[PDB]
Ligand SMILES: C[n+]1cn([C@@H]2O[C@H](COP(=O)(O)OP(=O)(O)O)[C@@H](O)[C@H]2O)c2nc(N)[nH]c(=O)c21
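Okay, here we've got a single chain as structure tokens, the form solved without the ligand, with questions on binding and movement later.
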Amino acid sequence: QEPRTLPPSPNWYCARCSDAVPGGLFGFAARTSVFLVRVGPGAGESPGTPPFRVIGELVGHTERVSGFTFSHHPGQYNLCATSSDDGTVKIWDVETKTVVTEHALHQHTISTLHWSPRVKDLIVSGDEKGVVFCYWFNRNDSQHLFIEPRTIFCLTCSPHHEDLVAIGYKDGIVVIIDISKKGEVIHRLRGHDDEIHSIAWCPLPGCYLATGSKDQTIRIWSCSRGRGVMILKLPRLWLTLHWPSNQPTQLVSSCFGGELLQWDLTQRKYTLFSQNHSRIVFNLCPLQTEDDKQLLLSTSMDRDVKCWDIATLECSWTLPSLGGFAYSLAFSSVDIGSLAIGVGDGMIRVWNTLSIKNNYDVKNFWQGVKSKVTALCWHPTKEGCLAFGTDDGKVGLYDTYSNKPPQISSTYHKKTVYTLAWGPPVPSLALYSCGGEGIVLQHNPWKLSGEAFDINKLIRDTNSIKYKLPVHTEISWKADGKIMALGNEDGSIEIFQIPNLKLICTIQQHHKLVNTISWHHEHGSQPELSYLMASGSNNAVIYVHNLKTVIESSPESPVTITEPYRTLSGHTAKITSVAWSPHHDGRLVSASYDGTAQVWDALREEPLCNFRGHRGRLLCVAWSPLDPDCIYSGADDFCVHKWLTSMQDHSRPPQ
């Protein structure tokens, strides 16, 4: 197939944290990285599929990237500069995705930056204390300009003059300054009554300037007269601008709710765009494809990236994104394409991966959830029935086909929900949930307002035992649905059979709390393969257990196992998830806090493939139910990557 990537939402409230270069390359700041996107006939997508692809990630900054600008100089269209909350300004080469050179000249938090449209190596960056810094990376020269003690919001270099730079400030003041004359204020533009959000120059010599402010107005100044000549009032808010070179008469602005407007300059005549943004738009980026098509990309607080066809004024494609950790990934057993994602922004994403019109066809389910979704589980036989657990202990049951809010279980866990599972009830299918406090309880999906029955009562009454039952940290049903497994904080793995939960085996092999348990599917070539059980804990070592010998025994007295059938070693951090491949015999994928996902032949104990695209701790893995080479994985880097095992260059976890 083709690898995909669900990137983190672009950063909010940034005057210029995204840019594009002609031909089809768009970059946007998101968390501590910059994500590059090929756009147009350069992506090489199938017909019907939107012509874009994520291919790049700028890794390096230690905290939030607050600015990003591309070099528009010919021959240098592959160079870009970023500004971070760590006070660095790094120059990148996008072909190599490495840092050319960086500085740390700013002593106060950086606001924005911009690449000189007329100087091949000049970078101008401002900070919150009003300090402006001109930087040339060829000879590593820096001029320390200080204009006014006002917080800088936006900064834009003149396209036509090599030494003029316009600056917008939080108090509504706009000043124009000469870089050669020691930062001499050339003009002081007073008119705006709130924060300046965007400064746009006229792309034609002879000059003119445009500014958009939180006072809901757009002002157009004359750098000759040093005052405004026309004022446009829109009909919270961020007001960014775009003055297209092809249409010098027109001017495109953002508006309330992320609406976009195209201001004609014959009168106040505007045209409304349109599949529309639902929250305020921060940046507008234009790019021209090789196909001579003029597009405009928009980032917004609604966590989407939209590409607009300037000719039709309608939305070509929409790129969703994530705002939280990808806690949970689950594929529906009936809808092969449905990929449910549990995100730390309380919102459940269902990714129809089978959509042929759209590669990123994702649907959001926010209503009803107000906390991070740490567990998901599709119903085995029911299309659209999806259960979810939250970080504060709430258990739900969505209906993705309906439009109603989810059904929240009346019984909440005291801690975060670790995992969910569908199995047979004990006192057609019932819902099982494991809390962080150690309690596993069973929910009736039909009578859902009734209390949840704590299954530890059952374990104590069937298995003659008054023991203080351990802290349960896992639950995983056998494929047949006749055997249940529990993981515990000590590291034990109790095995249960029958409907009364007769404990018949305790697996004391791990030495920290269990974090994942997965049974092998029964579709394989051999039958005994169904009895294999993978498990991971806070130890970096993964164990496989064959339980055929004990389940066919079904002893009256439980047994204890201390030798594992297979031992997978290589990880260097705790294991978060393991999943058996449905397409192979004994093929296991594992995620770990080492930042890697690892495929191995669990039968021969052979490491096959190691995925290192993530820049954080992986929290979930799911095998693609339709492509035997494809795996989806999500991490605490706000990403979900879809990768192929054959295209990875490393076969083993790093050491």
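Throughout, we count residues from 1 along the sequence that is shown.
Not on display, but discussed next: the form deposited with the ligand bound.
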At the 4.5 Å heavy atom threshold, is residue 630 in contact with the ligand in the deposited bound form? no
Examine residue 513 and determine whether its closest non-hydrogen atom to the ligand in the deposited bound form is within 4.5 angstroms. yes
Classify residue 64 as contacting or not contacting the ligand in the deposited bound form by the rule of any non-hydrogen atom within 4.5 angstroms, answering yes or no. no
Check whether residue 112 has any heavy atom within 4.5 Å of a heavy atom of the ligand in the deposited bound form, and answer yes or no. no
Would all three of 327, 473 and 574 be in contact with the ligand in the deposited bound form, where contact means some heavy atom lies within 4.5 Å? yes
The ligand isn't shown here, but in the deposited bound form, which of 615-623, 597-605, 33-41, 53-61 has heavy atoms within 4.5 Å of it? 615-623
Identify which of 419, 84, 359, 390 has a heavy atom within 4.5 Å of the ligand in the deposited bound form; exactly one of them does. 419
